[PDB]
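There is one chain below, alone, in structure tokens, taken in the form solved without the partner chain.
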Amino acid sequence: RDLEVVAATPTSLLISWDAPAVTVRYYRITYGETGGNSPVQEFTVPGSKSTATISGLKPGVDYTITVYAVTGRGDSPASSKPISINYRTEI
């Protein structure tokens, strides 16, 4: 799987990823300021989608963004390998 920022502004972005081979219940999107000490933020995206908007970001900051797939067949790392990327918002 390959995650990418397809559209962005200094304060928000649109991410897109490849759906895994398995049926997904939902995805967990987590994001945080890279090298920051605040708790990561998290939101859910329905399993039928593969894009999501992230808002409330700060301009010119590096964020670590990760997607996790959760299946309705058992929760633990036994769902789907996380996909992550580092992306710096423009100024």
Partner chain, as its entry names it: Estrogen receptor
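Positions refer to the first chain, counted from 1.
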property: Segment of higher mean CA temperature factor, 11-19 or 79-87; result: 79-87
property: Higher-scoring stretch by recorded Cα B factor average, 52-60 or 38-46; result: 38-46
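Note that the form solved in complex with the partner chain isn't included here; everything after this is about it.
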{"query": "In the deposited complex, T53 touching the partner chain (heavy atom, 4.5 Å)", "finding": "no"}
{"query": "Residue contact check: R28 to the partner chain in the deposited complex, 4.5 Å heavy atom", "finding": "yes"}
{"query": "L13: touches the partner chain in the deposited complex, heavy atom cutoff 4.5 angstroms", "finding": "no"}
{"query": "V70, heavy atom within 4.5 angstroms of the partner chain in the deposited complex", "finding": "yes"}
{"query": "Sequence-ordered list of residues in 30-65 near the partner chain in the deposited complex, where near means a heavy atom within 4.5 Å", "finding": "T30, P39, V40, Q41, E42"}
